[PDB]
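K.L.:
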Amino acid sequence: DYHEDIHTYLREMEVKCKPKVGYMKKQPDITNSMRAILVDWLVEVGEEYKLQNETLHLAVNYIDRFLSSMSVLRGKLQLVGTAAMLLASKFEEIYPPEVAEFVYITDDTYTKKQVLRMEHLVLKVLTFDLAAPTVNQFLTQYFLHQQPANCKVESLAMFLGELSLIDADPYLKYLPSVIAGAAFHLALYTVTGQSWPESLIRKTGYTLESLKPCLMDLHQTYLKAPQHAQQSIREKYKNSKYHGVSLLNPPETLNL
Amino acid sequence: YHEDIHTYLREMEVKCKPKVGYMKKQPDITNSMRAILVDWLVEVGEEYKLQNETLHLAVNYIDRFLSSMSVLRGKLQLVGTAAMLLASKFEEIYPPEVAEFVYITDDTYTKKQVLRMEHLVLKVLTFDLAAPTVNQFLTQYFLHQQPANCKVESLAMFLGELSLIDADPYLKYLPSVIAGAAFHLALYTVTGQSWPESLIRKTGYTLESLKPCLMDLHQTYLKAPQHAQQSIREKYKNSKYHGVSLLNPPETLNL
Amino acid sequence: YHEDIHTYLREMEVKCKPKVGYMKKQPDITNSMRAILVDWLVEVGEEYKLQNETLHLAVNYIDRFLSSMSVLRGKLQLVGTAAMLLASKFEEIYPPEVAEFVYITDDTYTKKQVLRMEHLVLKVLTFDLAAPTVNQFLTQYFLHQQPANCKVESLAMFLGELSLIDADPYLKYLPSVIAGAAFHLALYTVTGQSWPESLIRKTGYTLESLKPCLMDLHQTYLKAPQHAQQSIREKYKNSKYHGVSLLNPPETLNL
Amino acid sequence: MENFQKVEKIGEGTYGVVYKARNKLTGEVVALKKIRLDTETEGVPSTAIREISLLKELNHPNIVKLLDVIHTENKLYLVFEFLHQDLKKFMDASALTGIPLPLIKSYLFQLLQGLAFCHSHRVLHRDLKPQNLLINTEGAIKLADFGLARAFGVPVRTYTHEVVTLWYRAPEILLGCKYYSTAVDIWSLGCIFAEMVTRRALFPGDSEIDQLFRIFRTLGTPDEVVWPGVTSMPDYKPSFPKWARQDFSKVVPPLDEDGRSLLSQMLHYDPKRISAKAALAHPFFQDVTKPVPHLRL
Ligand SMILES: CN1CCN(c2cccc3nc(-c4n[nH]c5cc(-c6ccc(N)cc6)ccc45)[nH]c23)CC1
Numbered sequence: 177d178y179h180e181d182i183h184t185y186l187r188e189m190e191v192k193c194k195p196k197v198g199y200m201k202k203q204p205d206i207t208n209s210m211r212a213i214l215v216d217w218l219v220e221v222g223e224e225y226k227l228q229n230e231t232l233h234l235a236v237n238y239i240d241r242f243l244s245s246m247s248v249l250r251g252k253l254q255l256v257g258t259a260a261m262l263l264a265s266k267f268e269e270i271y272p273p274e275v276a277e278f279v280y281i282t283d284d285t286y287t288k289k290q291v292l293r294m295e296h297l298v299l300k301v302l303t304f305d306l307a308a309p310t311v312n313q314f315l316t317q318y319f320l321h322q323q324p325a326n327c328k329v330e331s332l333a334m335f336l337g338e339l340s341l342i343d344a345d346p347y348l349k350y351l352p353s354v355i356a357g358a359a360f361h362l363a364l365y366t367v368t369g370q371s372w373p374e375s376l377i378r379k380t381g382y383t384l385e386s387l388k389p390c391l392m393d394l395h396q397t398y399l400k401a402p403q404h405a406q407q408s409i410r411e412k413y414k415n416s417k418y419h420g421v422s423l424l425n426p427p428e429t430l431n432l
Numbered sequence: 178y179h180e181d182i183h184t185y186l187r188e189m190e191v192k193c194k195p196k197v198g199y200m201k202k203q204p205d206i207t208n209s210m211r212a213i214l215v216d217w218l219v220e221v222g223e224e225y226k227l228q229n230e231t232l233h234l235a236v237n238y239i240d241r242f243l244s245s246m247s248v249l250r251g252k253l254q255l256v257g258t259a260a261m262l263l264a265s266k267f268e269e270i271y272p273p274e275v276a277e278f279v280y281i282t283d284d285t286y287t288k289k290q291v292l293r294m295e296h297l298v299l300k301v302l303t304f305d306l307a308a309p310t311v312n313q314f315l316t317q318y319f320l321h322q323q324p325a326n327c328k329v330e331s332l333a334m335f336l337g338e339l340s341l342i343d344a345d346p347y348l349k350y351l352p353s354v355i356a357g358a359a360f361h362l363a364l365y366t367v368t369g370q371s372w373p374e375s376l377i378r379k380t381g382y383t384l385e386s387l388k389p390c391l392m393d394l395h396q397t398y399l400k401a402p403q404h405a406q407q408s409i410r411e412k413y414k415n416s417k418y419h420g421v422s423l424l425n426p427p428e429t430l431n432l
Numbered sequence: 178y179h180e181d182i183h184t185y186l187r188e189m190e191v192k193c194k195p196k197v198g199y200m201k202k203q204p205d206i207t208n209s210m211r212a213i214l215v216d217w218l219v220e221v222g223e224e225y226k227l228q229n230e231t232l233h234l235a236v237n238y239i240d241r242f243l244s245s246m247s248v249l250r251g252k253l254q255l256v257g258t259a260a261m262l263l264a265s266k267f268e269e270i271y272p273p274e275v276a277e278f279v280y281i282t283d284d285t286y287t288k289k290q291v292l293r294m295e296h297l298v299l300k301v302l303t304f305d306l307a308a309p310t311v312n313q314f315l316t317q318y319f320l321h322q323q324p325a326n327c328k329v330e331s332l333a334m335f336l337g338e339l340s341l342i343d344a345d346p347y348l349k350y351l352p353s354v355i356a357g358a359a360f361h362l363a364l365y366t367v368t369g370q371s372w373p374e375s376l377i378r379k380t381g382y383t384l385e386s387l388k389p390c391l392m393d394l395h396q397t398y399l400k401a402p403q404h405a406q407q408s409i410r411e412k413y414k415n416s417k418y419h420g421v422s423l424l425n426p427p428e429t430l431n432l
Numbered sequence: 001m002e003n004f005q006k007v008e009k010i011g012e013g014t015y016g017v018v019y020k021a022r023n024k025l026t027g028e029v030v031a032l033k034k035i036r037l038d039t040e041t042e043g044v045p046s047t048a049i050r051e052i053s054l055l056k057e058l059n060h061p062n063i064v065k066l067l068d069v070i071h072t073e074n075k076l077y078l079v080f081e082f083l084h085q086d087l088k089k090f091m092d093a094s095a096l097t098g099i100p101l102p103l104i105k106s107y108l109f110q111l112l113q114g115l116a117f118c119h120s121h122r123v124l125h126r127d128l129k130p131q132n133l134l135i136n137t138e139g140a141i142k143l144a145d146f147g148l149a150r151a152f153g154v155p156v157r158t159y160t161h162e163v164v165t166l167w168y169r170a171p172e173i174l175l176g177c178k179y180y181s182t183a184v185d186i187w188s189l190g191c192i193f194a195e196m197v198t199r200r201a202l203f204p205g206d207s208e209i210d211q212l213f214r215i216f217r218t219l220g221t222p223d224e225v226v227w228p229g230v231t232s233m234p235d236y237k238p239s240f241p242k243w244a245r246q247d248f249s250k251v252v253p254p255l256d257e258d259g260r261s262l263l264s265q266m267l268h269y270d271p273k274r275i276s277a278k279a280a281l282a283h284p285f286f287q288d289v290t291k292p293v294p295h296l297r298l
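Residue numbers (the UniProt record's numbering), protein chains in the order written: chain A, 177 to 432; chain B, 178 to 432; chain C, 178 to 432; chain D, 1 to 271, 273 to 298.
Given below as structure tokens:
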């Protein structure tokens with residue numbers, strides 16, 4: 177009834193919530209590597225405080241949009257992320273960690289006042305537009321088209337989608353809906369040997385052809401995951417809650 | 178005999194035509210001045226509680242008179258006064274006495290002048306006073322309402338009366354055609370319905386054939402609040418006309 | 178760079194669009210009230226010898242402001258005053274001081290109010306004041322005259338200025354299109370010629386594509402003497418505009 | 001805030017007050033919700049964050065417009081369109097006569113259109129009660145107070161705490177379901193519909209168990225045939241009394257055959274409960290008009 181309308185609406189809103197793909201080049205003091213470290217650290221903080229995966233995804237979306245129009249010095253990058261996680265928790269969590277907790281995780285590198293002032297600044301810069309579509313939301317929507325449900329597939333899809341958050345190059349240039357579609361297919365193929373189903377092709381209008389470029393990148397990220405400098409997500413997804421899916425070996429080829 | 182009468186009215190409306198381009202051939206007066214005159218005649222009709230038909234007849238008389246007679250701007254109102262007097266005598270059960278018509282002109286003209294102009298207009302029109310009007314055709318069309326709707330009738334009459342004000346473009350349409358456009362446009366505005374098949378059969382006019390007049394009428398309707406002459410709008414915001422001049426026009430006719 | 182600029186103006190006119198239907202969503206004010214305001218701004222421009230561009234900019238600012246802000250009838254003139262002040266600062270070499278704008282409002286508003294409204298309009302328009310206008314497009318078109326004709330230029334400007342008065346229908350046309358129709362109609366009226374091939378190539382607009390706007394503009398032109406608002410006609414009967422508002426419109430465009 | 005004249009307090013809340021106000025430059029009458037910012041302890045409240053961010057995506061004639069957000073030093077103001085009173089006070093004013101049925105039909109129709117729009121935009125209101133529903137003299141009704149509202153592109157988790165005053169709370173919530181669905185908003189609207197018709201709360205429970213039992217007594221104690229899964233739900237007890245479903249003709253006497261059918265579909269136990278969109282297509286609304294209320298101001 178309404179999950180068609182909601183998917184449609186999410187497809188409309190994800191085109192509007194886009195950050196600038198090339199923002200990191202126009203940024204004098206910070207780099208993709210530094211962003212990678214920040215996002216990896218946000219994964220830890222989410223595990224430390226038992227935060228929803230959606231909160232992580234929202235926070236990253238907020239950071240990329242903030243950095244798309246604001247120059248930040250390396251010593252303030254973490255303050256942006258903290259404020260972003262704080263705002264994402266307030267939006268998404270039933271009860272978010274208090275502000276003092278967010279000051280805590282930064283090892284007193286920033287003050288309560290700084291964090292609260294950065295919260296105001298990020299709200300201004302984002303113009304209170306916090307309800308951004310994420311890879312998480314599209315995956316959730318796609319999981320309803322599983323014949324039948326498979327928790328190992330869902331956990332691996334979520335693992336790959338979460339890995340996409342770490343590397344701005346190349347994942348900033350793909351829509352959440354597309355990254356979701358690639359993560360779903362890749363997980364589905366790895367666990368059950370099946371492919372992007374015809375029901376999802378009708379729902380999303382994406383073919384396996386159209387997902388190929390993103391699929392290519394995601395497969396390569398999946399193969400290199402054990403060598404990546406950032407490891408918090410692999411560690412997170414070797415837990416029993418996620419069926420240890422970060423230990424599943426990726427296929428060496430995709431046969432497209 | 179209602180068929181015989183429509184048929185006869187259709188015959189006579191082609192013969193009572195004034196010259197469409199007479200105002201160009203007229204040295205001292207303009208369409209704007211005519212607009213002012215007709216608007217004033219609407220007020221006079223409201224002041225003396227005259228029938229709508231009397232207004233329509235008077236304007237027909239004025240256009241035919243001006244089609245063959247040059248008139249100076251200072252005498253245009255004397256022509257209208259005499260025309261309204263003659264139309265009242267023809268159409269009203271008891272017309273206002275001549276002194277009444279002299280007084281609405283603020284003593285700009287004398288009783289003798291008005292009575293002499295009456296004679297001149299009768300001569301120039303050759304006593305042919307029983308002219309068909311938009312009013313008469315609307316009245317005949319209203320008998321093909323399934324069922325009657327007083328708000329439609331009032332708005333049709335409002336639009337038909339607005340057509341009297343602007344010689345350009347309405348002098349080049351027959352009363353039967355203006356009536357047809359006014360009926361459709363009012364019907365469409367109030368009830369969303371269109372020129373009915375019963376009237377298509379009676380009149381032979383399609384919605385295609387009414388289109389040119391309809392587009393002008395629609396444009397007049399949209400611009401009515403901005404028109405310099407406002408006596409008709411004011412008249413039709415009364416309860417007797419269900420305040421139809423305050424209704425919003427359609428943005429499109431979807432023809 | 179005259180090509181680069183036309184191209185850039187064509188890009189920006191699509192972005193500076195107000196909401197076409199904003200007046201419906203507006204509780205206390207109407208198109209008629211807007212017509213009165215714009216007509217008054219024409220007088221103010223004549224009183225203070227302001228450029229035509231300043232008038233066009235001010236109206237653009239007012240429509241965009243009213244597209245996102247509800248205003249009561251008693252504050253509509255304060256919006257226009259602040260808009261005219263801002264347009265003068267943007268466009269005039271030396272604008273009238275703020276006290277001057279307070280005085281043309283007959284002390285209905287205070288200096289503080291006008292200065293506060295200036296701030297509010299800047300906020301609501303996000304300092305985006307360099308809007309494309311009919312005036313700017315006409316000026317660019319005038320460079321494709323073979324050869325120049327000041328009577329055509331004046332009449333084109335007259336028609337373009339008339340389009341500012343009536344939100345319905347002119348809010349739904351781009352300035353480039355209104356400009357194109359005004360140029361053709363003026364050119365046709367004075368010299369009998371039509372929208373030239375050089376401008377067809379430059380603008381990509383055919384005479385077919387201009388037709389809807391052209392028919393509205395022609396209709397506005399024909400009814401100009403009857404319009405309740407007359408400041409533009411009065412302005413364009415001056416010698417500086419070769420009395421072009423007294424020229425007779427074409428009875429037909431023969432399209 | 002310099003261009004706003006405070007007219008009067010019209011509402012008191014947890015994070016702040018609501019004032020009737022006037023734009024001094026435009027004359028626009030507005031509702032200003034003031035939020036005091038404790039800038040040591042908490043920052044911008046979660047209620048404001050959700051309310052602002054979700055409401056600015058929701059432009060609809062049956063949802064109260066957020067006009068502006070004036071965010072400054074130590075104050076946050078939300079500027080809304082001004083309406084004339086809430087449905088609760090209107091119901092109280094209409095006690096010796098009822099709201100006429102055509103106005104009830106109109107109000108439900110508009111509330112469903114507002115709700116359908118929310119749901120199509122993945123927003124759950126979660127707090128539909130008569131005092132959160134605003135009316136004007138022209139016959140409009142709109143959804144207000146989106147402080148508890150939530151985006152559900154990801155399913156929204158149930159609380160232990162804080163929620164929907166007891167009387168409009170849906171059975172699944174009372175029986176401790178894990179996730180909200182859009183059905184909870186439809187349930188509340190059903191209760192409000194019945195209340196307008198009968199002039200009394202449908203299920204005025206003194207407590208959670210008392211609230212459940214009042215629902216059971218009217219609608220019947222649900223079983224696995226009526227609601228597949230009930231008996232496995234966290235707060236379900238086999239010791240629950242087994243009441244029979246009674247006639248809707250006695251629960252809502254003034255309603256016709258179509259009205260009863262719509263209400264029963266809105267109060268369906270299994271969250273098979275009618276959608277807002279499906280409810281709008283119900284034959285109950287095949288003659289809906291837009292009457293104007295007698296607001297005793
Ligand atoms: C408890 N009641 C409520 C109605 N109160 C009231 C009485 C009389 C006139 C009133 N006008 C309002 C009002 N207009 N617009 C509003 C918007 C919100 C809003 C606030 C938050 C959100 N998210 C959306 C809209 C709340 C209240 C109002 N409320 C009024 C009396 C006390």
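For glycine and all other residues, C-beta sits at the position ideal for the given N, C-alpha and C.
Under DSSP, the alpha helix (DSSP H) around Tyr398/A begins and ends at which residues?
P.N.:
That run of the alpha helix (DSSP H) goes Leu384 to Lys400.
K.L.:
Going along chain D, which residues have a C-beta under 9 Å from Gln290/C?
P.N.:
Neighbours of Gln290/C on chain D, chain order: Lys24 and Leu25.
K.L.:
Give me, in chain order, the residues of the same chain whose beta-carbon lies closer than 7 Å to that of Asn326/C; leave out the 5 immediate sequence neighbours on both sides.
P.N.:
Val367 and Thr368, listed in sequence order.
K.L.:
Go through the segment 9 to 74 of chain D residue by residue and report every complete run of the beta strand (DSSP E) that reaches 3 residues or more, in order.
P.N.:
Those beta strand (DSSP E) runs which fall completely within the segment 9 to 74 of chain D and span 3+ residues are 17 to 23, 29 to 36 and 66 to 71.
K.L.:
Strictly below 7 Å CB to CB, what residues from chain C border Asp345/B?
P.N.:
What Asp345/B touches in chain C: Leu399.
K.L.:
How would you write the range of the beta strand (DSSP E) that residue 367/D sits in, first residue to last?
P.N.:
Here chain D has residues from 1 to 298 only, and residue 367/D is not among them.
K.L.:
Taking Cβ positions, are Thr316/B and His233/B nearer each other than 7 Å?
P.N.:
Contact: no.
K.L.:
Which whole-angstrom value is the C-beta distance of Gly257/C and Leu299/C, which I expect to be below 8 Å?
P.N.:
15 Å between Cβ atoms; not a contact.
K.L.:
According to DSSP, what are the bridge partners of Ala151/D?
P.N.:
Per DSSP, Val123/D.
K.L.:
Quick check: is the beta carbon of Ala405/C nearer than 7 Å to any beta carbon in chain B?
P.N.:
Yes - at least one Cβ of chain B is within 7 Å of the one on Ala405/C.
K.L.:
Tell me, please, whether the CB atom of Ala212/C is closer than 7 Å to any CB atom in chain B?
P.N.:
Taking Cβ atoms only, chain B reaches closer than 7 Å to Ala212/C, which makes this a yes.
K.L.:
If contact means a Cβ-Cβ distance below 8 Å, which residues of the segment 133 to 151 of chain D contact chain C?
P.N.:
So the list is empty, because no residue satisfies the distance condition.
K.L.:
Which residues, in chain order, does the segment 57 to 82 of chain D contribute to contact with chain A at a C-beta distance below 8 Å?
P.N.:
The residues in question are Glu57, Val69 and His71.
K.L.:
Classify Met1/D as buried or exposed, calling it buried when 16 or more other Cβ atoms lie within 10 Å of its own Cβ.
P.N.:
The residue is exposed, with fewer than 16 neighbouring Cβ atoms inside 10 Å.
K.L.:
Since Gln290/A contacts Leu243/A with CB under 8 Å, what's their CB separation in whole angstroms?
P.N.:
About 18 Å separates the two Cβ atoms, so there is no contact after all.
K.L.:
Any heavy atom of ligand 1 within a distance shorter than 6 Å of the CB on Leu83/D?
P.N.:
Checking the Cβ of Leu83/D against ligand 1 gives yes.
K.L.:
Determine the direct distance from the alpha carbon of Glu224/A to that of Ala201/D, and round the result to whole angstroms.
P.N.:
C-alpha separation (whole angstroms): 45 Å.
K.L.:
Any heavy atom of ligand 1 within a distance shorter than 6 Å of the CB on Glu51/D?
P.N.:
Yes - ligand 1 has a heavy atom lying nearer than 6 Å to the Cβ of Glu51/D.
K.L.:
Going by the C-beta, is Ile10/D closer than 6 Å to any heavy atom of ligand 1?
P.N.:
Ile10/D Cβ: within cutoff of ligand 1.
K.L.:
Given a cut-off of 7 Å on the beta-carbon distance, is the pair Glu295/C and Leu249/C in contact?
P.N.:
In this structure, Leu249/C does not lie closer than 7 Å to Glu295/C by Cβ.
K.L.:
Name the residues in the segment 229 to 263 of chain A whose C-beta lies less than 8 Å from a C-beta of chain D; which are they?
P.N.:
The residues in question are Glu230, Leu262 and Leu263.
K.L.:
In the structure shown, what three-state DSSP assignment does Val7/D receive?
P.N.:
Looking at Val7/D - three-state DSSP - the assignment turns out to be strand.
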